[PDB]
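In: give me a model of this one.
(2 chains)
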Amino acid sequence: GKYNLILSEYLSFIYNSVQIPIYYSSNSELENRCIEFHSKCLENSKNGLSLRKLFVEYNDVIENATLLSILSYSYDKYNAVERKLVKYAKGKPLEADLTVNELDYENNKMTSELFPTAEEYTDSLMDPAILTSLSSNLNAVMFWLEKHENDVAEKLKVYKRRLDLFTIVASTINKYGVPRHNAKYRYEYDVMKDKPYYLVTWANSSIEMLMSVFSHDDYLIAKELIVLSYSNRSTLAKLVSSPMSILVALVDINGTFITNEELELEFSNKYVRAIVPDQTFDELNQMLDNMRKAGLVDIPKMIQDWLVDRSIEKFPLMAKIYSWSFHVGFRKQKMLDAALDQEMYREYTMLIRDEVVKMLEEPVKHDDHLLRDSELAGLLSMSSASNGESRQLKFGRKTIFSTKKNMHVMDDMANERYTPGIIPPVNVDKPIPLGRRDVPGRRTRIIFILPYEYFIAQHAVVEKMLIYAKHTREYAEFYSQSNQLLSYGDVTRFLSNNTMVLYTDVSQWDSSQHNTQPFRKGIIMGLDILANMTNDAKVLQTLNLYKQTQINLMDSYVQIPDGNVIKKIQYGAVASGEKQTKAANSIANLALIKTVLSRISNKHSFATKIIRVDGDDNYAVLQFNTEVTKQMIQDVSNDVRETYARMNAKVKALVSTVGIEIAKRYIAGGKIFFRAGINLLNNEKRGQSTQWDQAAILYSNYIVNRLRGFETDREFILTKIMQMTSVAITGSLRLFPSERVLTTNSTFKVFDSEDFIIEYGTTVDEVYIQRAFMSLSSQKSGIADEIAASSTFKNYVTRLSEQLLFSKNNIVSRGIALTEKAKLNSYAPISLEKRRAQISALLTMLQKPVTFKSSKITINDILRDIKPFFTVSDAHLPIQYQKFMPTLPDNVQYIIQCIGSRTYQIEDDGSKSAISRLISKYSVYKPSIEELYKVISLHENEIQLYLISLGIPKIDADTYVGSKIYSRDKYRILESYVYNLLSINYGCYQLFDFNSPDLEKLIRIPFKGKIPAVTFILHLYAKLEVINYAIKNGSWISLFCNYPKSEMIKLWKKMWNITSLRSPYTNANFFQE
RNA sequence: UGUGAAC
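Out: Numbering: from 1, shown residues only, chains lettered A, B, ... in the order given. Take a look:
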C-alpha cells in the first residue's frame, strides 16, 4: 500500500502554492459518505480552507473506504523543473569530445552544426521514442534525492554516490537549459538547435543508470559510462562488453548443473580445468588496452583485478559490467551507413540444400494439406503491418490512405488486383522499401518491407520447417517446449578434461554478400528436389512460388533515404524481413558450423558430443582421445578461424573448456548468466501503445532486469508510473490513479503491488472495482465500424470463410470477422479513437465507480471461491539445490534452492490436445486456447459438426466425440487455459518447478470425490499461495484443504465459464517475448 | 494517420 503514500509525497513535492483524495466503497452507506467527503473537500479548497477537520470528520471514509485516486489542483505553469535543477547544477558541465566518433553525426556536436536548417533537422538519430518526458525524469530523480536526503549509514552512501552522479547530468543540462518536449513527447528543431544533438537521449541513459546505482562499484561504473557516453556514441558498449567472451573461458568449473535423460537439471559435483592459451591472454589484453585508449580507466582496472585469480566468486562484477554497458543507449545511425557496410561453398550450399529437403520431405511426399492450401494459410496468418507503399483506399463511401498489409489485400481482391500467383520484383524497377533494427552496442541493420505476396508464398513452408526444428535438438531456439536452462544444461553435460567447447558469433556473416549467393542457391536447390518428389498441383505451385521469392531476392534493389531524397541502390546482401528469416538463418548457421567442423577434423580427431545453433550464435562440444592442453586449444582455434577466414566470413570464434558466450546467454564457472541490458528511459522505435501500456512495459522491463542482475530503484520506477498513468482533466486539474486501480487484476493493471507476487481480489471492494473496470474494457471506433461494414471488407471475410470450411460457419465465422476487425487497430485513426474513448470512460470511472450487471466469471472469482477452504500452518523446507543463476534476487533464489527449477514451458495454448491435433491434420485453421476451451465444453453433437465443418472426415469426427481422448482433452484444454490465465510462464514463476516433490509435500489435499477440474485448481491455487508466502516471507507454510463435495460440483460449473482479462500488464508480458 | 517487416 506504500504506493499511495509515495504518490502524495511526490505531488506535494512537485506542487506547492492542493490534493483531493477520492474514495469509493462497495457498501452503499459508506459510498455516500465518500461522496459527501469529496464534495466538502472541493468546496473547502474552492475557499482556501483547511481540510484537516474534514479528514477527522470523515475518518471512517479514510479508514474503511478504498482510495480510488487523487485530485491535483496545481496552479503553476509546468515549470518548477527549471527552478529545481539549479541547486544540483554546481559541477562543471561536460564538454563533448567531438573527435571520438567516426561518422561525424555520431559526435555530440551542436544540433545546428548537424542540421543548419529546420527543414534538414531530424530526431531520427536520438529520439527517445518513449511516452515520458526528460523533464519528468529529472523531476523524478530530484524527488528521490530529497526523500533520501536525511538518510544514514549505508543508505546515505547510496544517496551520496547518486547525488554526485546526478550533478553531472544537472550541470551539463543547465548549461543549455532543459529541452522542452511537445504533445507527442518529441524534441523539435527549435528546442534542439541550441543544445547538443544527443543531449536528451544521453540524459535519459545517465538518469536510468544512476538510479540503478547502489554499491560503490555501481557508482564507479555509472560515472565512467555517463562521462564517456556523452562524447562516445558508437563503441563504448562494444568496448566495455567485449572482454566478456574471453572471461567465460577463464573461470574454473567446481560443480555445475547438467541435463539428464529426463531433460531436466541435475547437480554434478565435477571439476573442469579451464585451459587458456597464452595467445588468448594477448587478445584479452588488446581488448583491455583498447578500452583504455578510449578513456576508460576504472572499468578496465576491475577486469584486471579480477584477472589475478579469476574466481567464480568474484565474477559477479564482470557480469555487472556486461549488463551495464547496454544502458548507454541505442546506436541509431543513418540508413545509408547501416546499409553501406554490406568455390569453397560447395560443402556449405549442399548442407543447406539437404537440410531444406529433410524438413519438407515427409510433408511433400504425403501431400500435406497445409502445403496444398498454403495460400489460404497465409491469408489467415497475414498481419496488419506495412506492405511498403502508402496506397489510397476506398472503403464503402470513404477514401482514406493506409500502408497496412491487411488493407492492401482486401482492396486488391475487390479489384481483381489480388494476384499471389505473381511474385512482384524487388529490383531496380520495384525497389524494396526499408525498415530498421536498432540495438545497443551493435551496429544498425536494415529491414526489407516486402509486399504481402512474399509472406503468403513463404508462410506455409516456414511453418513446416519450424515443426521439423521443434523436434530437432540442434535448433536450441525451436526444440520442444524447452527454455534457456536446458540449453545451459546441455553444454555443461559433456564438459570434461578431454573436451573443448567452440562458440562463434556469426552475426556479421549473415549480412555478408559472400553469404547470399550460396544461401538462396542452397534453398532453391533443395526446393527443386522437393518438387521432384510429388506431382500435386497445389504442392508444386506453393513450392514453386517459394522458389520464386528466392530468385527475386538474389538480385534486389533498395530505397535508402539520404536526407529528403530516396536514392535507390543495388543491395546484394541478405537482410531480414522475410518469413523464413529466423528459420533460414538457423539452417544457414548450422550448415556453416558443420562445414567448419568437417574441415578441421582432417587435421585433428575429435568427437561431436553436441552441435548447436541458437540465434546469431552457434557452438559445438568436441571430445579428444587425449587430455586437452593449452597448445591443443590454440591449434584447434587457429584452424577454425582460418577455415572461417577462407570462406571470407568475418566472425568471432573462440575455444574453451569451461564456458561460452552468446547473444542470449553466457555460462561462466559452471553458472548461467543473462545480460541485464534492457533500456528503460529510451526505446528502439515508436509504436502505437498508450502511456499506460508503456508504464506497464517499463515495469515489466524493470522486473526482467532485476531478475537478470540489473536493478533500478523501485521508488524511481513507482514515480515514473505515477507520471505516466496520470490524466489531465483541464490545465490545472490532473488526476492520479491509486494503487488499487493500478495493481488489481483488471483490464487496467500495470504492476503487482509486490514484485514477483500476483494478487487476486479477496475483498468486496477489490471485487467491486474489478467488475467495474471490465465494464469499460473495449471501446467503440466509428472509423472501424464503417470499414467493418464496407463491401470490400465483408467479401474478404466471406471469401476466407468459404475457402476454409465446408458445412456451417458461426463459432469459426464470428471469430474470423473479429480477428479482422482487430487488425484495423494498427491503423492510427482507429487507434486514436479508441484511446480517446478509454480516457473519457476512465476519467468518469475514477470520479465515481459506476454499476455493472457483472454476470461474467473470471479467474479471480474462482480463486476467491476456493480461498476460504484452506488451513495454513507454518512448515519447513530445507535448501537443497545449489544456485546456478547467481543474479536472481534473494527471495526468488531461495524458492529455487528449496523447491527446484524446470527446463520447460507449461503448455498454455492447448496445442497438445487430440482435438487440436485432429483439426491440424485436416484443417489449415488454428483455433486459439480460448476457442478450443469453448468448443470442448459444447454438447457432443455440436463438436461433431464443428470438426466436420472444418473439413474433418466423419469416421474421424465420430470416433473422437465419444472416445476416452475427448473426455481427456476436456481436462487438458482447461488445464492449458488456466495456466494461461495465471501467467505460469512469465515473470518469476516460469522459473519454479510446479511439480516439485518438496513443494508437493506442503500441499495436503484429501480427495472428497474425484473430478479432475476441481482437483487441478485446488492444487494449483495451493502451490501458488505457498510459493507466494515463501517469496514474501522467506519461510514456508503447509496448506490443508477441506473443500466440500457439494461445493465442488458448483465450482466445476464456474470453471467452464471463465473470462480472460486483457490489460497493459497482460500485454507487457506478451510484449517481452 | 510523424509509423518503419518476420517473430
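
In: can you classify the nearest residue to residue A:130 once chain neighbours are set aside by secondary structure?
Out: Of all residues not flanking residue A:130 in the chain, residue A:683 sits nearest, at 4.8 Å (Cβ to Cβ, 6 or more residues apart in numbering). For the C-beta atoms, the positions are set from N, CA and C on the backbone; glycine is no exception. Secondary structure assignment for residue A:683 (DSSP: H, G, I helix; E, B strand; the rest coil): coil.

In: again, but for residue A:667
Out: strand.

In: for it, grab the count of nearby residues.
Out: By the criterion of other Cβ atoms under 10 Å, residue A:667 has 26 neighbours.

In: next, count neighbours for the closest residue to residue A:680 other than its chain neighbours.
Out: Leaving out its chain neighbours, the residue that sits closest to residue A:680 by Cβ to Cβ, 6+ apart is residue A:208, at 4.7 Å. Using other Cβ under 10 Å, residue A:208 has 22 other residues around it.

In: ok, now residue A:80?
Out: Neighbours of residue A:80 (other Cβ under 10 Å): 17.

In: ok, and the closest non-adjacent residue to it?
Out: residue A:14 (6.6 Å).

In: the one you found is in contact with residue A:146, isn't it?
Out: No: applying Cβ atoms under 8 Å as the test, residue A:14 and residue A:146 come out as separate, 10.8 Å apart.

In: who has more neighbours, these two?
Out: Each of residue A:14 and residue A:146 has its neighbours counted (other Cβ under 10 Å); residue A:14 has more, 21 against 13.

In: which ones are touching the more buried one?
Out: Contact analysis of residue A:14 by Cβ atoms under 8 Å, 6 or more residues apart in numbering lists A:74, A:80, A:139, A:143.

In: what of residue A:799?
Out: Applying Cβ under 8 Å, 6+ apart, the residues contacting residue A:799 are residue A:413.

In: same check on the one 10 residues further on?
Out: With contacts taken as Cβ under 8 Å, 6+ apart, residue A:809 has the following neighbours: A:801, A:949.

In: could you pull out the helices for the stretch 551-700 of chain A?
Out: Using DSSP state H, counting those that start in this stretch, the helices of the stretch 551-700 of chain A run over A:581-601, A:630-646, A:691-708.

In: is the longest one anywhere near RNA strand B?
Out: Spelled out, it's helix A:581-601. Yes: contact of helix A:581-601 with RNA strand B is found when judged by Cβ under 7 Å from any atom of the strand, involving A:581-582.

In: show me chain A divided up by domain.
Out: Domains of chain A are assigned by curated CATH domains as A:1-79+A:683-751+A:1060-1073, A:80-232, A:233-250+A:276-333, A:251-275+A:476-505+A:581-682, A:334-382+A:424-475+A:506-580, A:383-423+A:752-853, A:854-906+A:993-1059, A:907-992.

In: quick revisit: got CSV for the contacts of residue A:14, with secondary structure and distance to RNA strand B too?
Out: Formatted as CSV, the contacts of residue A:14 follow (DSSP: H, G, I helix; E, B strand; the rest coil; distance: Cβ to the nearest atom of the strand, whole Å):
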residue, secondary structure, distance to RNA strand B
A:74, coil, 25
A:80, coil, 24
A:139, helix, 22
A:143, helix, 28
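
In: what parts of the stretch 551-700 of chain A come near RNA strand B?
Out: Residues of the stretch 551-700 of chain A lying near RNA strand B (Cβ under 7 Å from any atom of the strand): A:576-579, A:581-582, A:685-688.

In: buried ones among those residues?
Out: A:576-579, A:581-582, A:687 (16 or more other Cβ atoms under 10 Å).

In: which one of those is nearest to residue A:966?
Out: residue A:579 (34.5 Å; Cβ to Cβ).

In: wait, that closest one touches residue A:450, no?
Out: No: using Cβ under 8 Å, residue A:579 is not in contact with residue A:450, being 9.3 Å away.

In: is RNA strand B contacted by stretch A:446-461?
Out: Yes: under the criterion of Cβ under 7 Å from any atom of the strand, RNA strand B is reached by stretch A:446-461 at A:447-450, A:455, A:459.

In: among those, which ones are buried?
Out: Applying 16+ other Cβ under 10 Å to the residues of stretch A:446-461 next to RNA strand B flags A:448-450, A:455, A:459 as buried.

In: what's the farthest-apart pair in these?
Out: Most distant of these, by Cβ to Cβ, are A:449 and A:459, 16.5 Å apart.

In: and the stretch 301-450 of chain A, which residues reach RNA strand B?
Out: A:381, A:383, A:385-386, A:390, A:400-405, A:435-437, A:447-450.

In: tell me the spacing between residue A:225 and residue A:704.
Out: 20 Å (Cβ to Cβ, to the nearest Å).

In: sorry, slip of the keys, the one I care about is residue A:233.
Out: 25 Å.

In: so which of these two has more stuff around it?
Out: Shown here are residue A:233 and residue A:704; by other Cβ under 10 Å, residue A:233 has more neighbours (29 against 17).

In: give me the contact list for stretch A:716-725.
Out: With Cβ under 8 Å, 6+ apart, stretch A:716-725 has contacts from A:3, A:6-7, A:10, A:131-132, A:136-137, A:139-141, A:143-144, A:211, A:691-692, A:694-695, A:698-699, A:702, A:736-737, A:742, A:750-751.

In: revised request: answer the last question for stretch A:962-982.
Out: For stretch A:962-982, using Cβ under 8 Å, 6+ apart, the contacting residues are A:758, A:859, A:906-910, A:912-915, A:929-930, A:932-933, A:936-937, A:940, A:943, A:960, A:985, A:989, A:1012-1013, A:1016-1017, A:1020, A:1024, A:1055-1056, A:1058, A:1060-1061.

In: how close does residue A:116 get to residue A:420?
Out: For residue A:116, the distance to residue A:420 - Cβ to Cβ - is 48 Å.

In: just the C-alpha atoms of the helix or strand hosting residue A:144, please, in PDB.
Out: Using DSSP states H and E, residue A:144 falls within helix A:134-147. Taking C-alpha atoms only, helix A:134-147 is exported to PDB below (Å, rounded to 0.1, in the frame of the first residue of the first chain):
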ATOM      1  CA  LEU A 134      13.100  14.200 -20.000                       C
ATOM      2  CA  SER A 135      11.700  16.900 -17.700                       C
ATOM      3  CA  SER A 136       9.600  14.300 -15.800                       C
ATOM      4  CA  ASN A 137      12.700  12.100 -15.400                       C
ATOM      5  CA  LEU A 138      14.600  15.000 -13.900                       C
ATOM      6  CA  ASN A 139      11.800  15.700 -11.600                       C
ATOM      7  CA  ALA A 140      11.700  12.000 -10.500                       C
ATOM      8  CA  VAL A 141      15.400  11.900  -9.700                       C
ATOM      9  CA  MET A 142      15.300  15.000  -7.700                       C
ATOM     10  CA  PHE A 143      12.200  13.900  -5.700                       C
ATOM     11  CA  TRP A 144      14.100  10.800  -4.800                       C
ATOM     12  CA  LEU A 145      17.100  12.800  -3.800                       C
ATOM     13  CA  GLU A 146      15.100  15.000  -1.500                       C
ATOM     14  CA  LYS A 147      13.500  12.000   0.200                       C
END
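
In: need the contact list for residue A:1.
Out: A:739, A:753 are the contacts of residue A:1 under Cβ under 8 Å, 6+ apart.

In: tell me where the stretch 51-200 of chain A has strands.
Out: Along the stretch 51-200 of chain A, counting by DSSP state E, counting those that start in this stretch, strands occupy A:66-73.

In: for RNA strand B, what are the nearby residues on it?
Out: A:123, A:129, A:182-184, A:186, A:188.

In: contacting residues for residue A:416?
Out: Residue A:416 neighbours (Cβ under 8 Å, 6+ apart): none.
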